[PDB]
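Below is one structure, written out as structure tokens; comments come after it.
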Amino acid sequence: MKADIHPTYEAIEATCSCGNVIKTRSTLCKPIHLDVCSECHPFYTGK
Amino acid sequence: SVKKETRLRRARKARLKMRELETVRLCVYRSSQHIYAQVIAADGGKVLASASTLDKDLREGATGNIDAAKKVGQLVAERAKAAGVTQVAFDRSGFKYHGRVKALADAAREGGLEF
Amino acid sequence: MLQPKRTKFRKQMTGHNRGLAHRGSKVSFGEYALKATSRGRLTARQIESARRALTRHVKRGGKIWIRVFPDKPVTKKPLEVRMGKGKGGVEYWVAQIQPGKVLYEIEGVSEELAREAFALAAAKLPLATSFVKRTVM
Amino acid sequence: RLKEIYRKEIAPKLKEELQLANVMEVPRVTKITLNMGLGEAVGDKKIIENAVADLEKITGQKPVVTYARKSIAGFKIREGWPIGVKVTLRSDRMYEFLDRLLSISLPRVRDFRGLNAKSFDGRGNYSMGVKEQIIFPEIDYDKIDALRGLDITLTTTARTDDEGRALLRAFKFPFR
Amino acid sequence: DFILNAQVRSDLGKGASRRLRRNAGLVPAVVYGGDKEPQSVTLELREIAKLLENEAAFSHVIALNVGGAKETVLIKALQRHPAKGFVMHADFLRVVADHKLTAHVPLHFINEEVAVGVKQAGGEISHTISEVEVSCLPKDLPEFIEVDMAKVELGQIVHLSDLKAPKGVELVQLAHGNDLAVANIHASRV
Amino acid sequence: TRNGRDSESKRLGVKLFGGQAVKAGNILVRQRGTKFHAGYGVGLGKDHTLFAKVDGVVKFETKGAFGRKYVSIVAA
RNA sequence: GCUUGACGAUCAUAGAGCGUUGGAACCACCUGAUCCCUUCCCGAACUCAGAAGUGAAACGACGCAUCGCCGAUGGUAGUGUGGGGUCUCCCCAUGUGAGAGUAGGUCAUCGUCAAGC
RNA sequence: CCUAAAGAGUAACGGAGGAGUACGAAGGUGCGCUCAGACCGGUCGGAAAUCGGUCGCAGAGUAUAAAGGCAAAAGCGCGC
Ligand SMILES: [Mg+2]
Ligand SMILES: [Mg+2]
Ligand SMILES: [Mg+2]
Ligand SMILES: [Mg+2]
Ligand SMILES: [Mg+2]
Ligand SMILES: [Mg+2]
Ligand SMILES: [Mg+2]
Ligand SMILES: [Mg+2]
Ligand SMILES: [Mg+2]
Ligand SMILES: [Mg+2]
Ligand SMILES: [Mg+2]
Ligand SMILES: [Mg+2]
Ligand SMILES: [Mg+2]
Ligand SMILES: [Mg+2]
Ligand SMILES: [Mg+2]
Ligand SMILES: [Mg+2]
Ligand SMILES: [Mg+2]
Ligand SMILES: [Mg+2]
Ligand SMILES: [Zn+2]
């Protein structure tokens with residue numbers, strides 16, 4: 001895993017506008033706000 | 001598969017060069033669990049001496065690391081002179097001369113037989 | 001007439017015509033055939049002349065094959081030209097014929113109609129021919 | 001992220017669902033190559049330095065630019081000029097990227113109720129063509145440039161398309 | 001019927017064979033097969049050429065009488081003069097009751113006149129092949145294979161799979177995944 | 001005519017045949033490419049010339065994979 | 001002698017294809033990337049530290065001629081020497097003798113060393 | 001290259017093509033790797049760009065004509 005050429009890879013903060021919060025690594029360093037997530041979409045459920 | 005047959009194709013040039021030169025070869029086989037060393041006479045046919053981790057004096061549990069290879073390298077040097085052979089050529093058998101193979105060669109140099 | 005669409009080389013050496021035709025001596029497609037019994041060479045104008053004289057006599061059904069192809073170019077030196085100064089230009093195309101080669105084949109007609117029609121064709125060819133029938137071996 | 005779930009329920013349930021006698025022949029996702037063919041920048045070639053950075057942000061792993069294998073001058077190219085950029089992901093980096101593209105942003109583009117299941121090859125490798133790259137986080141709409149159709153490809157230890165689909169039937173994939 | 005007389009031949013080579021054909025009216029021949037050492041024989045030219053006029057001369061078993069010894073034999077191959085057309089050589093395959101022999105068998109086209117493609121459509125009949133290669137035990141080797149063209153229309157192709165062979169007879173070429181065409185009906189030339 | 005050209009011949013081929021006695025430095029084959037390959041006791045020049053490095057006799061053997069033709073020197 | 005590894009002999013009668021089977025050891029897949037070493041990115045490959053799991057894949061062993069590959073006997077073609085003809089081509093005496101095809105074979109045979117009985 | 005007659009050589013105002021250069025790396029060495037093409041799936045290209053998989057065995061390549069060669073590749077890349 002070659003170093004000193006790749007950026008920081010932190011875990012950030014993923015928060016949805018529907019109230020869903022998931023922890024997953026990314027390259028943002030700041031909390032984000034999701035207008036839509038997996039648990040607030042019809043197509044997965046099938047409406 | 002592909003891993004082994006790429007290694008055998010990688011080792012061809014050195015082996016044919018040593019048969020052109022008509023010399024004594026030290027061939028090394030490395031596996032994930034053990035390591036092997038042989039002294040093939042001059043033309044691939046006869047084996048003069050050999051040593052490995054499978055002999056009933058090194059089956060202790062750690063046979064796939066560096067210091068395991070250093071023990072067998074010192075051992076093959078002892079058996080080589082018992083057969084009255086020196087001035088050999090090192091065959092890495094397609095493996096990289098970096099790790100367990102490299103430590104094997106150094107013990108042979110320390111053991112007395114000169115490349 | 002008949003000639004290759006294109007060739008690797010424009011000219012050829014004269015060569016020699018020896019041996020018998022062990023290959024091409026069977027009736028492979030039709031029921032009756034015209035077979036050469038002497039050696040010579042057909043000039044692709046005798047092949048076309050003998051084909052038209054052969055298909056005209058049938059005029060009602062029947063399938064006809066040609067087993068000879070003229071693929072050998074021959075040169076000719078023009079009149080009032082000395083010897084040398086390079087090889088001549090190609091004038092016509094010819095096919096080498098050895099004894100025992102099948103020239104034409106036909107099926108779908110009676111034995112007598114084929115025998116009459118191959119007689120007309122053989123009168124346009126500069127070599128001896130014969131009439132044969134298809135056999136298993 | 002997603003490794004913790006694979007060998008807990010996906011691995012044993014597919015062991016029995018496909019009637020696989022041994023353990024290891026269960027289908028498994030091997031690698032993800034993202035890549036994108038920059039058909040443009042042939043006479044311009046001044047977007048490669050930003051495209052590599054654009055693909056940098058959504059991965060966290062440095063990409064490699066590709067070159068022209070042959071000439072075919074009809075497209076005004078020959079060998080030597082860069083045409084494309086690729087990224088390879090394995091082990092934890094590929095899974096932790098997958099969930100972000102599985103459903104953190106994938107439903108968040110415009111449309112579609114899912115992904116078609118007929119775009120498989122004869123062995124079970126799945127590739128998705130995407131018409132846009134603003135889908136992903138880590139890039140804001142203002143600073144982006146002329147948009148590019150970034151691609152996605154999945155490579156699995158599947159012997160056939162249905163086994164690949166069955167493994168992709170799990171992981172909550174938008175299929176139909 | 002199918003009986004030949006032959007004598008043992010002990011002089012071999014190009015010169016000896018040419019003197020047989022030129023000065024004695026004989027034909028060199030060979031019998032091999034079964035489980036025996038091959039044997040070289042010689043036989044009359046006017047005797048072999050008389051039997052060859054029979055239609056079932058190659059799909060029939062023949063009683064070969066060499067000296068006084070009688071053995072059962074099938075005609076395998078036949079060398080002919082390329083120009084004059086007479087037989088120069090022939091080789092003979094020994095026949096064993098339980099062993100598959102591979103032979104050429106002629107075809108027979110029946111009721112060609114009542115063909116649907118002929119009377120109504122006015123099309124010609126063309127025989128692409130006139131013999132087929134079979135393989136079977138000697139006890140069920142047919143003298144011919146019969147193919148009918150009653151239910152054949154214009155433009156229709158007859159293949160090897162279409163025709164049916166007697167019981168215990170196999171078509172060789174069909175086994176190798178190659179059903180070459182046998183006959184067809186096509187439009188008139190003019 | 002526009003054809004009357006040709007180059008001078010090069011006198012290639014086998015110089016010493018199988019069984020002949022050889023000395024070190026003797027030229028055995030003159031070649032374009034390697035129709036024959038250098039066996040034991042035989043060297044190769046930059047124009048693929050085969051020459052004898054030791055004394056003995058020529059052997060000529062077709063062995064190995066690739067069906068190559070080898071020229072070697074053996075002790076009489 | 002039976003099984004597995006390493007190195008050779010010989011280069012398809014030894015290859016390919018299809019099927020059955022091998023984990024006690026050996027080998028292979030396998031776990032992780034801290035430490036040597038690495039990716040024109042990726043522990044994919046190379047490398048290191050291993051002992052949870054499997055023989056799935058790979059490899060080996062064993063069966064089958066469908067393909068591939070070998071391949072007679074006899075005849076034919078050509079041909080050195082001497083002599084003839086109807087001499088662009090052939091024939092005779094003597095010596096030599098293919099290629100193709102046919103009957104039919106082939107799922108190899110060995111050597112050195114080290115580990116399990 | 002053929003003529004040129006299976007060692008070498010061999011003529012014609014015989015049949016066909018090239019040369020009068022290039023390269024400080026296109027040389028040396030160590031290490032590492034295999035092409036063309038086909039098919040399937042995949043965003044603007046769609047027959048052909050980059051990509052993933054299977055087959056493929058040299059039908060690619062070789063600075064430049066043709067012939068003879070090329071797996072220890074003589075083909076391709078990198079450090080010194
Ligand atoms: Mg190399
Ligand atoms: Mg002349
Ligand atoms: Mg011929
Ligand atoms: Mg003679
Ligand atoms: Mg000239
Ligand atoms: Mg000359
Ligand atoms: Mg010359
Ligand atoms: Mg040198
Ligand atoms: Mg013979
Ligand atoms: Mg032969
Ligand atoms: Mg053959
Ligand atoms: Mg010569
Ligand atoms: Mg000569
Ligand atoms: Mg002169
Ligand atoms: Mg000039
Ligand atoms: Mg070069
Ligand atoms: Mg060439
Ligand atoms: Mg190699
Ligand atoms: Zn939500």
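For the structure tokens, the naming scheme is as follows: chains receive sequential letters (A, B, ...) according to their order of presentation, residues are indexed from 1 within each chain, and ligands are indexed from 1 in presentation order.
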Check your understanding: Residues within 8 Å of ligand 4 (only C-alpha atoms (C1' of nucleotides) and all ligand atoms), as a PyMOL selection string?
Key -> (chain E and resi 14-15) or (chain G and resi 92-94)
Next, write the just-selected residues to a file, as a PDB file, in the first residue's frame, keeping N, CA, C and O atoms (P, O5', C5', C4', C3', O3' and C1' of nucleotides) as the atom set.
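part_13.pdb, freshly written:
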```pdb
ATOM      1  N   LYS E  14       8.845 -53.329 -59.541  1.00  0.00           N
ATOM      2  CA  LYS E  14       8.353 -52.633 -60.724  1.00  0.00           C
ATOM      3  C   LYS E  14       8.530 -53.476 -61.980  1.00  0.00           C
ATOM      4  O   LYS E  14       7.619 -53.557 -62.811  1.00  0.00           O
ATOM      5  N   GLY E  15       9.696 -54.105 -62.138  1.00  0.00           N
ATOM      6  CA  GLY E  15       9.951 -54.884 -63.338  1.00  0.00           C
ATOM      7  C   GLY E  15       9.099 -56.135 -63.431  1.00  0.00           C
ATOM      8  O   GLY E  15       8.624 -56.491 -64.510  1.00  0.00           O
TER       9      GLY E  15
ATOM     10  P     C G  92       8.669 -51.573 -70.181  1.00  0.00           P
ATOM     11  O5'   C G  92      10.001 -52.251 -70.727  1.00  0.00           O
ATOM     12  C5'   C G  92       9.958 -53.254 -71.731  1.00  0.00           C
ATOM     13  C4'   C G  92      11.344 -53.700 -72.124  1.00  0.00           C
ATOM     14  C3'   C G  92      12.245 -54.147 -70.986  1.00  0.00           C
ATOM     15  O3'   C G  92      11.983 -55.475 -70.569  1.00  0.00           O
ATOM     16  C1'   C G  92      13.442 -52.698 -72.419  1.00  0.00           C
ATOM     17  P     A G  93      12.232 -55.910 -69.045  1.00  0.00           P
ATOM     18  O5'   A G  93      13.814 -55.913 -68.898  1.00  0.00           O
ATOM     19  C5'   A G  93      14.604 -56.908 -69.529  1.00  0.00           C
ATOM     20  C4'   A G  93      16.054 -56.780 -69.140  1.00  0.00           C
ATOM     21  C3'   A G  93      16.329 -56.557 -67.663  1.00  0.00           C
ATOM     22  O3'   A G  93      16.287 -57.753 -66.904  1.00  0.00           O
ATOM     23  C1'   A G  93      17.604 -55.036 -68.938  1.00  0.00           C
ATOM     24  P     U G  94      15.839 -57.715 -65.362  1.00  0.00           P
ATOM     25  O5'   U G  94      17.023 -56.940 -64.634  1.00  0.00           O
ATOM     26  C5'   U G  94      18.316 -57.513 -64.524  1.00  0.00           C
ATOM     27  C4'   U G  94      19.329 -56.498 -64.062  1.00  0.00           C
ATOM     28  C3'   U G  94      19.044 -55.821 -62.733  1.00  0.00           C
ATOM     29  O3'   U G  94      19.369 -56.617 -61.608  1.00  0.00           O
ATOM     30  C1'   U G  94      19.654 -54.190 -64.313  1.00  0.00           C
TER      31        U G  94
END
```
Exercise for review: Check every protein, DNA and RNA residue against ligand 16, keep those with an atom at most 9 Å away (counting only C-alpha atoms (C1' of nucleotides) and all ligand atoms), and present them as a PyMOL selection string.
Suggested key: chain H and resi 26+62-63+74-75
What's around residue 121 (chain E) at 9 Å? Count only C-alpha atoms (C1' of nucleotides), leave out sequence neighbours fewer than 3 positions away in its own chain, and write the answer as a tab-separated table (two decimals) with N, CA and C atoms, in the first residue's frame.
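That gives us result35.tsv:
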```tsv
chain	number	residue	atom	x	y	z
E	116	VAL	N	-42.86	-34.92	-56.50
E	116	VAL	CA	-43.74	-33.76	-56.42
E	116	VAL	C	-43.09	-32.54	-57.06
E	117	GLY	N	-41.77	-32.41	-56.90
E	117	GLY	CA	-41.07	-31.30	-57.50
E	117	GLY	C	-40.89	-31.39	-59.00
E	118	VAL	N	-41.25	-32.51	-59.62
E	118	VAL	CA	-41.03	-32.71	-61.04
E	118	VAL	C	-42.31	-32.47	-61.84
E	153	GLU	N	-40.28	-31.74	-52.93
E	153	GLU	CA	-40.76	-30.58	-53.65
E	153	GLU	C	-39.59	-29.84	-54.31
E	154	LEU	N	-39.92	-28.77	-55.03
E	154	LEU	CA	-38.90	-27.94	-55.64
E	154	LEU	C	-38.13	-27.17	-54.57
E	187	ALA	N	-34.60	-25.47	-60.17
E	187	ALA	CA	-35.24	-24.96	-61.36
E	187	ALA	C	-34.46	-25.36	-62.61
```
Check your understanding: What lies within 7 Å of residue 106 (chain C) using only C-alpha atoms (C1' of nucleotides), ignoring chain neighbours under 4 positions off, as a list in words?
Key ->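 Contacts, with the query itself left out: residues 30, 31, 32, 33, 62, 63, 64 and 65 of chain C.
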Could you write out that same residue set with N, CA and C atoms as a PDB file, in the first residue's frame?
```pdb
ATOM      1  N   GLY C  30     -20.568 -35.566 -62.369  1.00  0.00           N
ATOM      2  CA  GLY C  30     -21.609 -35.991 -63.281  1.00  0.00           C
ATOM      3  C   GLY C  30     -21.702 -37.494 -63.430  1.00  0.00           C
ATOM      4  N   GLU C  31     -22.397 -37.910 -64.487  1.00  0.00           N
ATOM      5  CA  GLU C  31     -22.534 -39.317 -64.836  1.00  0.00           C
ATOM      6  C   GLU C  31     -21.673 -39.717 -66.023  1.00  0.00           C
ATOM      7  N   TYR C  32     -21.442 -38.801 -66.961  1.00  0.00           N
ATOM      8  CA  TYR C  32     -20.602 -39.046 -68.122  1.00  0.00           C
ATOM      9  C   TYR C  32     -19.567 -37.937 -68.228  1.00  0.00           C
ATOM     10  N   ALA C  33     -18.441 -38.248 -68.864  1.00  0.00           N
ATOM     11  CA  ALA C  33     -17.360 -37.282 -68.960  1.00  0.00           C
ATOM     12  C   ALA C  33     -16.629 -37.445 -70.283  1.00  0.00           C
ATOM     13  N   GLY C  62     -30.223 -30.611 -67.723  1.00  0.00           N
ATOM     14  CA  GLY C  62     -28.872 -31.121 -67.618  1.00  0.00           C
ATOM     15  C   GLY C  62     -27.910 -30.158 -66.959  1.00  0.00           C
ATOM     16  N   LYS C  63     -26.996 -30.685 -66.151  1.00  0.00           N
ATOM     17  CA  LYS C  63     -25.967 -29.895 -65.494  1.00  0.00           C
ATOM     18  C   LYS C  63     -24.618 -30.210 -66.124  1.00  0.00           C
ATOM     19  N   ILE C  64     -23.802 -29.177 -66.325  1.00  0.00           N
ATOM     20  CA  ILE C  64     -22.543 -29.290 -67.052  1.00  0.00           C
ATOM     21  C   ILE C  64     -21.425 -28.681 -66.218  1.00  0.00           C
ATOM     22  N   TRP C  65     -20.331 -29.423 -66.066  1.00  0.00           N
ATOM     23  CA  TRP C  65     -19.161 -28.974 -65.325  1.00  0.00           C
ATOM     24  C   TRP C  65     -17.965 -28.846 -66.256  1.00  0.00           C
TER      25      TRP C  65
END
```
Review point. Which residue, H:39, H:65, H:33, H:57, has the smallest gap to chain B when you use only C-alpha atoms (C1' of nucleotides)?
Key: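 The closest residue to chain B is H:33.
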Excluding region 32-40 of chain B and any residue of its chain fewer than 3 positions from it, enumerate the residues within 6 Å of it, using only C-alpha atoms (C1' of nucleotides), and give them as a compact mmCIF listing (two decimals) with N, CA, C and O atoms, in the first residue's frame.
```txt
# COMPACT_ATOMS: atom_id res chain seq x y z
N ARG B 25 25.44 -27.13 -9.61
CA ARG B 25 24.36 -26.21 -9.34
C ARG B 25 23.79 -26.44 -7.95
O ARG B 25 23.68 -27.59 -7.49
N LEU B 26 23.43 -25.35 -7.27
CA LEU B 26 22.67 -25.40 -6.03
C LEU B 26 21.27 -24.89 -6.33
O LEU B 26 21.07 -23.70 -6.57
N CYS B 27 20.30 -25.80 -6.32
CA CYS B 27 18.91 -25.48 -6.65
C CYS B 27 18.10 -25.33 -5.37
O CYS B 27 18.27 -26.11 -4.42
N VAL B 28 17.21 -24.34 -5.35
CA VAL B 28 16.43 -23.99 -4.17
C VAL B 28 14.95 -24.07 -4.52
O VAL B 28 14.51 -23.50 -5.52
N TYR B 29 14.19 -24.78 -3.69
CA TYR B 29 12.74 -24.83 -3.80
C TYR B 29 12.13 -24.24 -2.54
O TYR B 29 12.48 -24.65 -1.43
N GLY B 44 21.94 -31.97 -14.43
CA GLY B 44 20.56 -32.17 -14.06
C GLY B 44 20.19 -33.58 -13.68
O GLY B 44 19.06 -33.81 -13.25
N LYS B 46 22.05 -36.25 -11.54
CA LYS B 46 22.35 -36.86 -10.25
C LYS B 46 22.39 -35.80 -9.15
O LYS B 46 22.79 -34.66 -9.38
N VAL B 47 21.97 -36.20 -7.96
CA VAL B 47 21.96 -35.34 -6.78
C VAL B 47 23.08 -35.80 -5.85
O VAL B 47 23.11 -36.96 -5.43
N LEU B 48 24.00 -34.89 -5.55
CA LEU B 48 25.14 -35.21 -4.69
C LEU B 48 24.82 -35.02 -3.21
O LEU B 48 25.21 -35.85 -2.39
N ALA B 49 24.13 -33.94 -2.86
CA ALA B 49 23.76 -33.69 -1.48
C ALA B 49 22.48 -32.87 -1.45
O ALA B 49 22.12 -32.20 -2.42
N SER B 50 21.78 -32.94 -0.32
CA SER B 50 20.51 -32.25 -0.17
C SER B 50 20.23 -32.02 1.30
O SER B 50 20.76 -32.72 2.17
N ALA B 51 19.39 -31.02 1.57
CA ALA B 51 18.97 -30.71 2.93
C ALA B 51 17.68 -29.91 2.86
O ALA B 51 17.46 -29.14 1.92
N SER B 52 16.83 -30.09 3.87
CA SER B 52 15.54 -29.42 3.92
C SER B 52 15.07 -29.40 5.36
O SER B 52 15.76 -29.86 6.27
N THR B 63 8.97 -23.63 10.17
CA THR B 63 9.79 -24.00 9.03
C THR B 63 9.53 -23.13 7.81
O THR B 63 10.01 -23.44 6.72
N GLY B 64 8.77 -22.05 7.96
CA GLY B 64 8.43 -21.21 6.83
C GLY B 64 8.77 -19.75 7.03
O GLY B 64 8.03 -18.87 6.58
```
